[PDB]
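>
Protein chains: 4
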Amino acid sequence: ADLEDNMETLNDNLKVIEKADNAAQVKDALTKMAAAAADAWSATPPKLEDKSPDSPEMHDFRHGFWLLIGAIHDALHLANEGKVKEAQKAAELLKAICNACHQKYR
Amino acid sequence: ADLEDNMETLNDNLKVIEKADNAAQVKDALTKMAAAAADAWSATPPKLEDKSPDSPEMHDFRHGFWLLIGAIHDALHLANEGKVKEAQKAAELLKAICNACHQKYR
Amino acid sequence: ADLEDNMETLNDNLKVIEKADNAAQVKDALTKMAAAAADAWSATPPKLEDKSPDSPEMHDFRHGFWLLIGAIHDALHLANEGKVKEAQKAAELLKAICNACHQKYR
Amino acid sequence: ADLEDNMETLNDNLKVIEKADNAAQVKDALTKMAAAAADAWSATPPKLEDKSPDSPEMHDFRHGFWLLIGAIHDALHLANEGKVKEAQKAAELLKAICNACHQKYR
Ligand code: HEM
Ligand code: HEM
Ligand code: HEM
Ligand code: HEM
Ligand SMILES: [Zn+2]
Ligand SMILES: [Zn+2]
Ligand SMILES: [Zn+2]
Ligand SMILES: [Zn+2]
Ligand SMILES: [Zn+2]
Ligand SMILES: [Zn+2]
Ligand SMILES: [Zn+2]
Ligand SMILES: [Zn+2]
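Protein chains in written order, with the deposited numbering: chain B, 1 to 106; chain C, 1 to 106; chain A, 1 to 106; chain D, 1 to 106.
1. Report the residue from A:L30, A:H59, A:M33 and A:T31 whose alpha carbon sits nearest the alpha carbon of A:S42.
2. If you run the structure through DSSP and keep just helix, strand and coil, what is A:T44?
3. Which residue's Cα is closest to the Cα of A:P45: A:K85, A:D54, A:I17 and A:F61?
4. Around ligand 12, which residues pass a check of Cβ closer than 6 Å to any of its heavy atoms?
5. So what's C:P53 in DSSP terms, helix, strand or just coil?
6. Within 10 angstroms of the Cβ of A:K83, are there 16 or more other Cβ atoms? Answer buried if so, exposed if not.
7. Is there at least one non-hydrogen atom of ligand 4 closer than 7 Å to the beta-carbon of D:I69?
8. Can you name the residues of chain C whose CB is closer than 8 Å to the CB of D:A96?
9. Just the Cα atoms here: how many angstroms apart are B:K51 and B:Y105?
10. I'd like to know whether the C-beta atoms of B:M33 and B:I72 end up nearer to each other than 8 Å.
11. Examine chain A for any beta-carbon lying closer than 8 Å to the beta-carbon of B:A100, and answer yes or no.
12. Could you give the DSSP three-state label for D:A75: helix, strand or coil?
13. Counting contacts by CB-CB distance shorter than 8 Å, is A:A35 in contact with chain D?
14. Starting from the beta carbon of D:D60, find every residue of chain C whose beta carbon is closer than 9 Å, and list them in chain order.
15. Counting pairs of Cβ atoms below 8 Å between the stretch 76 to 92 of chain B and the stretch 21 to 28 of chain B, do you hit three or more?
16. Kindly indicate which residue of D:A75, D:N99, D:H102 and D:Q103 has the alpha-carbon position closest to the one of D:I17.
17. Answer yes or no: the CB of A:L94 versus the heavy atoms of ligand 3, is any distance below 7 Å?
18. I'd like to know whether the C-beta atoms of B:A40 and B:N6 end up nearer to each other than 8 Å.
19. Quick one: what does DSSP say C:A20 is sitting in, helix, strand or coil?
20. Closest to B:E8 by CA distance: which of B:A35, B:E57, B:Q88 and B:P53 is it?
21. Mind checking if A:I17 is an interface residue toward chain D, Cβ cutoff 8 Å exclusive?
22. Just to confirm my understanding: we take D:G64, look at its own chain, exclude 5 residues before and 5 after, and list those with CB closer than 6 Å. What are they?
23. Can you list, in chain order, the residues of its chain with a C-beta nearer than 8 Å to that of D:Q88? Leave out the 5 residues immediately preceding and following it.
24. Within 8 Å (strictly less), CB to CB, does A:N22 reach chain C?
25. Could you confirm whether any beta carbon from chain D is found closer than 8 Å to the beta carbon of C:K32?
26. Residues of the stretch 50 to 77 of chain D with a CB closer than 7 Å to any CB of chain B: list them in chain order, please.
27. Under the assumption that B:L3 contacts B:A37 (Cβ atoms under 8 Å), give the Cβ distance between them as a whole number of angstroms.
28. Tell me, please, whether the CB atom of C:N13 is closer than 8 Å to any CB atom in chain A?
29. So what's D:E81 in DSSP terms, helix, strand or just coil?
30. Alpha carbon to alpha carbon, what distance is there between B:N22 and D:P56?
31. Whole angstroms are fine: how far does the CA of A:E92 sit from the CA of B:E49?
32. Is it buried or exposed, A:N13, if we count other Cβ atoms within 10 angstroms and call 16 or more buried?
33. With a cut-off of 8 Å, does the C-beta of D:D5 fall near any C-beta of chain A?
34. What residues of chain A sit near D:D39, judged by a beta carbon separation below 9 Å?
35. I want to check one thing, is the minimum distance from the CB of B:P53 to the heavy atoms of ligand 1 below 7 Å?
Next up, the structure:
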């Protein structure tokens with residue numbers, strides 16, 4: 001899927017988690033976020049279209065997805081353990097990862 | 001790319017790291033491995049074609065890619081720091097992640 | 001060292017990173033933070049003095065240290081790579097880990 | 001506790017996991033391993049007694065403990081999720097982390 005679609009999937013599922021009642025909802029939304037982050041991995045953002053695929057900027061861009069993927073990984077373990085409140089909290093915190101990338105590259 | 005193509009990319013680049021001379025070679029191979037791992041994320045393996053996309057098996061299958069992605073991440077920092085030998089060691093160690101998934105799912 | 005002393009070491013070094021000029025300063029402060037977090041690992045906080053060492057709360061308390069140790073780990077690689085600004089950014093972000101544990105257990 | 005004691009703790013509990021029947025035994029042993037790894041963090045090994053505390057060797061020494069702590073972290077989530085077999089597998093795999101540090105510094 002395209003970068004915009006993966007970003008919409010990320011945005012929509014984060015909102016789902018905030019509103020969620022049970023573990024199943026949170027688990028499913030995180031799984032979907034994990035897929036979208038991984039699918040966005042090798043995307044070239046408009047701001048970096050002129051840059052080398054192995055430029056410091058693109059390396060830093062990719063690092064941001066590593067960080068997001070890693071945060072979703074832990075949030076899902078928390079949701080798998082029945083720790084729904086803590087998983088929702090982890091989901092809120094990973095917005096800073098979104099924001100940090102967006103500030104530089106969006 | 002298809003699962004088999006991504007597995008060959010993983011295989012080929014791990015061999016490149018083993019025989020590598022300098023940091024640039026190791027860095028480039030690891031980046032290529034990271035892209036292949038990420039692109040393999042949502043693949044359904046032959047052995048699990050009958051299974052639910054959100055079965056315990058498929059979640060366990062995806063978990064294995066989380067571990068590989070995470071390992072490649074650290075190895076790349078080591079190579080970025082000029083710690084070539086330790087990056088090569090890290091690449092050798094992550095073979096156990098390849099092996100563990102293969103045993104269960106290949 | 002005691003929990004309070006490890007907490008002051010964490011606080012003091014985080015402020016050092018914010019005001020830091022070069023990589024060496026950031027590297028040193030993060031190393032000191034890493035040692036303090038690790039030394040804090042087996043501490044029992046006043047709020048959990050009556051709880052079992054293997055209670056859900058103590059397990060969750062320790063989990064917070066795992067997250068902090070992990071975050072410090074990645075920030076140090078960034079500082080090791082000369083990526084000072086992104087290391088400082090990473091240090092800012094991990095304040096959420098401090099805050100999340102404090103909210104529950106301080 | 002001293003380095004030798006922490007290494008004995010790591011060794012004894014790894015053996016406990018191998019022989020374990022249920023989740024609770026695996027969970028408790030991993031938690032004990034996590035405590036020992038964290039307590040070993042700032043130890044100076046006999047082989048590096050003459051080295052600077054911030055030499056490449058001591059940074060590499062400490063990095064090995066980050067790796068072990070991270071591996072125990074994941075294994076405990078697996079045991080927490082009732083995935084005992086997988087947790088036991090994960091505990092076997094982290095022996096390579098023990099071995100890799102020993103080869104260099106023991
Ligand atoms: C869960 C956290 C995230 C959320 C909620 C999120 C959400 C969004 C949204 C709603 C957009 C606008 C889509 C559009 O352009 O129509 C966007 C764009 C973008 N995001 Fe994210 N995102 C997240 C994570 C990230 C990360 C980690 C990165 C960097 C690695 C990133 C990089 C970008 C870039 C470069 C764009 C601009 C794409 C364009 O202009 O077409 N995002 N994001
Ligand atoms: C860096 C580590 C890895 C390496 C070096 C590697 C290498 C390979 C190779 C050479 C193949 C044979 C495909 C071919 O004929 O071209 C393969 C297949 C396969 N691997 Fe991996 N792999 C790794 C990681 C993983 C992981 C982490 C998983 C599971 C999460 C996985 C699951 C599979 C599956 C299901 C196949 C069968 C593909 C098919 O024949 O349709 N692999 N891998
Ligand atoms: C870099 C991250 C952190 C910073 C900068 C920080 C800072 C502080 C500070 C300044 C104090 C005041 C207590 C004193 O020293 O007199 C404190 C107390 C405390 N912190 Fe942290 N903290 C951090 C992370 C954490 C984490 C991760 C946990 C738990 C996992 C935690 C648990 C506590 C508890 C329980 C107290 C109360 C201890 C007492 O009252 O004796 N903190 N922290
Ligand atoms: C689960 C993994 C590990 C196990 C089972 C383990 C076990 C042991 C044991 C049984 C010893 C002998 C204790 C003695 O000196 O009488 C030892 C020594 C030692 N280990 Fe490990 N260890 C592990 C992880 C590590 C790691 C990751 C490092 C490096 C960061 C490390 C560094 C050392 C060093 C430097 C010694 C020599 C200490 C001395 O001679 O006083 N160990 N280990
Ligand atoms: Zn747009
Ligand atoms: Zn669209
Ligand atoms: Zn965790
Ligand atoms: Zn590392
Ligand atoms: Zn990183
Ligand atoms: Zn000895
Ligand atoms: Zn002793
Ligand atoms: Zn995991």
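Ideal Cβ positions, reconstructed from N, Cα and C, are used throughout, including at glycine.
Looking at the coordinates:
1. A:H59
2. coil
3. A:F61
4. B:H73, B:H77, C:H63, C:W66, D:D74 and D:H77
5. coil
6. buried
7. no
8. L93 and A96
9. 12 Å
10. yes
11. yes
12. helix
13. yes
14. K83 and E86
15. yes
16. D:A75
17. yes
18. yes
19. coil
20. B:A35
21. no
22. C101
23. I17, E18, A20 and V26
24. no
25. no
26. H77
27. At roughly 11 Å, the Cβ-Cβ gap does not stay under 8 Å, so B:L3 and B:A37 are not in contact.
28. no
29. coil
30. 48 Å
31. 29 Å
32. buried
33. no
34. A38, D39, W41 and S42
35. no
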